[PDB]
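Only one chain is given next, in structure tokens, and it is the form deposited in one PDB entry.
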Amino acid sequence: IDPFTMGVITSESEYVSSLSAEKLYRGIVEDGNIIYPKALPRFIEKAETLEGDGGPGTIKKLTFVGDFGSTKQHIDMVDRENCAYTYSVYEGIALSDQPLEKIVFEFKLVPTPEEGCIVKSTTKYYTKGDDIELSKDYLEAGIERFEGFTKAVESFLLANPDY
């Protein structure tokens, strides 16, 4: 008669990094607050922690360079041993067409003999509503931005082992 409906759209992308899983993970997750702006100087102005110690439940905030505003990451899972990290974004995420309830970003870095690692990236869009309409360019935009942050960090660390 009157159902509750929700869509979960999952995009998955992978690539092989030359950098070891441990180093890429520590770069993004533990040293993000100082390395995101270094890696993405023309996009990330500032990366800071608003609440928490870095563990699950931490809230971080990225301010972007120029008139692109800013956004909070709500950290969900942090697993140093398996180089796995998950966080959600809750605000500023609607499409002109399709409201979303949240976007979940997840990566898992898996060592490959030789180092570095296979970077397994996932994004999940959660839709509110009776209805669903999501285009290829949007879905791809989210996962490409995400894998892009990770690539920029990897590249920065390769060029500055020191730090």
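Residues that one form lacks are left out of the comparison. Note that residue numbering follows the sequence shown and begins at 1. Note that the rigid core is defined as the largest set of C-alphas that superpose within 1.5 Å between two forms.
We do not show the form deposited in another entry, though everything after this point is about it.
Just a single entry of 59, 118, 95, 104 exceeds or equals a 2 Å CA shift between this form and the one not shown, which is 95 (rigid core superposed). Between the C-alpha atoms of residue 102 and residue 95, a gap narrowed by no less than 3 Å is obtained in the other entry, as opposed to the form on display. In sequence order, 92-98, 129-131 are the runs of at least 3 residues present in both forms whose Cα atoms shift by 2 Å or more between this form and the one not shown once the core is superposed.
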